Ligand SMILES: *[C@@H]1O[C@H](CO)[C@@H](O[C@@H]2O[C@H](CO)[C@@H](O[C@@H]3O[C@H](CO)[C@@H](O)[C@H](O)[C@@H]3O)[C@H](O)[C@H]2NC(C)=O)[C@H](O)[C@H]1NC(C)=O
């Protein structure tokens, strides 16, 4: 929930669409690379 | 994979062909197939676009 005050109204600015099979989940084969800019990884459920 | 839940975890195969039996007959609408009636209208004995 958007924790705000008792009289606050939330409005969106940029709405982005994406396909069904999508999640910000890196493949578990990102243990180490040569760029030293490894993002955090997490296992995503099947179907994406 | 349709959903994100496990209904049953038994009797799962590996691979197959599963060729869809596409019909050789094209969509024929000359008899009225694929059309519906206009909402709250009759249009008795006439042709309309
Ligand atoms: C809405 O859908 C999600 C996704 O299907 C449901 O989350 C799933 O809930 C089931 C049942 O609690 C989880 O199964 C359990 O997993 C634990 C390990 O975390 C395992 O020890 C148990 O034996 C059981 O198998 C499943 O993991 C979980 N999946 C995810 C991705 O969170 C959720 O419960 C559904 N909510 C409602 C209200 O139906």
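Count begins at 1; order follows the chain as displayed.
Header entry for method reads electron microscopy, 3.0 Å.
Placed from the backbone N, Cα and C atoms, the Cβ positions cover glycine too.
Per Swiss-Prot, the features are as follows:
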- B:6: N-linked glycosylation site (CARBOHYD)
- B:16: N-linked glycosylation site (CARBOHYD)
- B:45: N-linked glycosylation site (CARBOHYD)
Cα-Cα distance linking residue B:16 (N-linked glycosylation site) and residue B:45 (N-linked glycosylation site), given in Å to the nearest integer: 53
Residue B:16 (N-linked glycosylation site) in three-state DSSP notation: coil
Coarse DSSP state, helix versus strand versus coil, of residue B:45 (N-linked glycosylation site): coil
Between residue B:16 (N-linked glycosylation site) and residue B:6 (N-linked glycosylation site), the C-alpha gap once rounded to whole angstrom: 22
